[PDB]
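Each of two forms of one protein chain follows alone as C-alpha cells, named structure 1 and structure 2.
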Structure 1
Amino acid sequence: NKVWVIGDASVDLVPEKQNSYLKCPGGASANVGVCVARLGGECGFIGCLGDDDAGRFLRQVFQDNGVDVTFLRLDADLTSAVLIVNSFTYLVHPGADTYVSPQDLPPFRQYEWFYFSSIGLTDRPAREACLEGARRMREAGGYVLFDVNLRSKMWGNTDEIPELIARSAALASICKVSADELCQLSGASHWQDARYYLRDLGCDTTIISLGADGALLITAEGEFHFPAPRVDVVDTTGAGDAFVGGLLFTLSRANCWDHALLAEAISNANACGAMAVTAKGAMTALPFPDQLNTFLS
C-alpha cells in the first residue's frame, strides 16, 4: 500500500567551517517521504514549492529517490523554505509549503497511509489540506499517522496548538510524539506523568520516542518498550523523521495492523532513527534495503 506524506520540503543549510554552509534537502514531510521511498516502499508527496531554485532542487531529489511527485505543484508566485541548522532558524516567512490546499489532495484508496504533522497545521491553507486529507483517508478505509512534531516558535498564536492537536489525534489511527513534546504539551515536567495525553485526546495507539533510549508503544495490551542501537551522533538532524519513515514503510506492508506489526514497525523506527544520526544531513544516511540489514546485524 502507498504512503502519502503531506507537508514541508526545504533546503537545510548546515555549517561545517567558520565560513560556509552545506546544502541538504529537507522538510519533516520530505525526509519521511524520502525515507519510505528508499526502503523500497511506495510513497507520494502532496505539497507546494515555488518554481524556483530550492523548488526544482528538492523536486529532483524526490525523483532520484523514487518519490512520486504527481501531486507536488510548483507555484512561481511562491518561495520554497530555506532554514539554517545552527536549533532552527527559518528564513522564508509564509513558506510555500503552507499553500497546499484540499484541491491538491489525491483520490485515496483502502489500506493506504496518510501522514502529517503540526508543521502542516501552522498556516491556514495547508491546515485545511491536512485535516481534510486525514478525513478523506479515513473515509476511504485508510490509516492516518499523526506526528505531533511540535514547533512552538513557528506558530503565530500558540493558542491554537492544543486544539489542533486534539482534532488530529481524533482523526489519527496512530499518533507519534516525543518525550519532550508531551511535557511541553501537558504542562507536566515528567512525560510519564502525562503519557496517556494523546490517548485521552482520541487516539488509541501512541508511539512515544525517547532518543538513543528507544520508544514506548502504548496500546491497550500494555506499555511496550524498544531499545535504540548504540548511537554515535554526528548530526541529530532528522532522527525523528527517519524514525517515522521506517515506521510507515513497515505498517504499509500489510492491510491491517496489530501489536505484531506494530513491533516490527517500531524496531525499524528505532533502527532508522539511529543510523540517520551518523551522517551530517537530515536525509544523508537514510538506509537502503541493503544498508539497513548490514547495520541491523
Structure 2
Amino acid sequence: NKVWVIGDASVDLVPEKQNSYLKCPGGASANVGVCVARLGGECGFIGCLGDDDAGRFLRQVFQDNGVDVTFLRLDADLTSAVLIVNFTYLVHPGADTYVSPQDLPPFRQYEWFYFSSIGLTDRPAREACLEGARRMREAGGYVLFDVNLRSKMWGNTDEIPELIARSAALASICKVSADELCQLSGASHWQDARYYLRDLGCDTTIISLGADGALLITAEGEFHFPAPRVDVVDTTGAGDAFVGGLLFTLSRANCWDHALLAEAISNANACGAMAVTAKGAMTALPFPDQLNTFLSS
C-alpha cells in the first residue's frame, strides 16, 4: 500500500568553507518520505516548491531516493525555502505553504496519509492537510498525524490547540513527543497527559520518549517499547525517522492489528536510533542493510 506524505521540503545551507554552503535536503515531510522510500516502501510526496535552484535540487533528492514526485508541483511564482544554519529563515511566504487541495491525488483504500502541525501553519497548506486527511479517511485509508510542534513558526499560537484537536479527530494514529504533551497540556510530567489526544478523539497514540523508546496508548492499555541503547551523536531527524519506520511497517498490510502495530514501533525505534548515531537528518536514515547490521549487535 502506498504512503502519501504531504508537507514541507526545504533547503538548509550549512557552512563548508569560509566562502561556501553545502545544500542539505531538509523538511519533516521530506525526511519521512525519503525514509519510507529508502526502506523499499511505496511513497509519494504531495507538496509545493519553487522552480528555483533549490526546489529543483530537492526534487532530485526525492528521485534519487525513490520518492514519487508526481504530485510535487514546482511553481515559478513561488520561492522554495532556504535556511541559513548556525536557525534562519530567508523565505517567508514559503512555497511549501501554497500546496492546496487541488494538489492532492486520488486516494485508494488501505493507503496511508501523513502530515504534521508544520503543514498546518499557513492557510493554503492547512486545507491541503485537513481536506487531504478527510479524503483518505473517506476512501478507507489511514491517517497518521504527527504533532510536530514549532510554535515559533505560528502567528497566533491560539490556533494550535484547535488544529491539533481537529487533527486528532481525523487521524487514525497520532505520534507525539513527551515534550509536546507538556507544551499542549501544560502538565510538567508527560505521563500526566498520556491521554491528551485520546480525549481529543484518537484511540491510538504513540508517544516518543527519546532514549526511553516509545509508549503505545490504545483503548486496552499502554505498552512500553524501549529503544536500542546507542552512542548518542546527534538527535536531529530522529522523530521523522521514527515515523518513517512506523509508516513503512504499517503499509505492509491492509488492516493493522496487535502484532503489526507492535512491530511497527520496534522498527520505528530502530530507525529513530540510527538517525542519532550518525550526523544530519536525511543522511542518518538507514537502508534495510544498515538497519539489520545495527539491529543485531
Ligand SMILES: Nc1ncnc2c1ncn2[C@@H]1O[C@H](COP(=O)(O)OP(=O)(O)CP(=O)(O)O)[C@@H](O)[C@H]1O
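Along the sequence of structure 1, residues get numbers from 1 upward. So that the term is clear: the rigid core is the largest set of C-alpha atoms that superpose within 1.5 Å between two forms.
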When you get a sec, tell me if the form solved in complex with the named molecule is 1 or 2.
-> 2
Has the Cα of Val234 moved 2 Å or more between the two structures, judged after a core fit?
-> yes
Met275 C-alpha shift between the two structures of 2 Å or more, rigid core reference | no
Following alignment on the rigid core, what Cα displacement (Å) is computed for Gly40 between the two structures?
-> 0.1
Once both forms sit on the same core, give the Cα displacement of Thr79 between the two structures in angstrom.
-> 1.1
Rigid core superposed, the C-alpha shift at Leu13 between the two structures in Å = 3.1
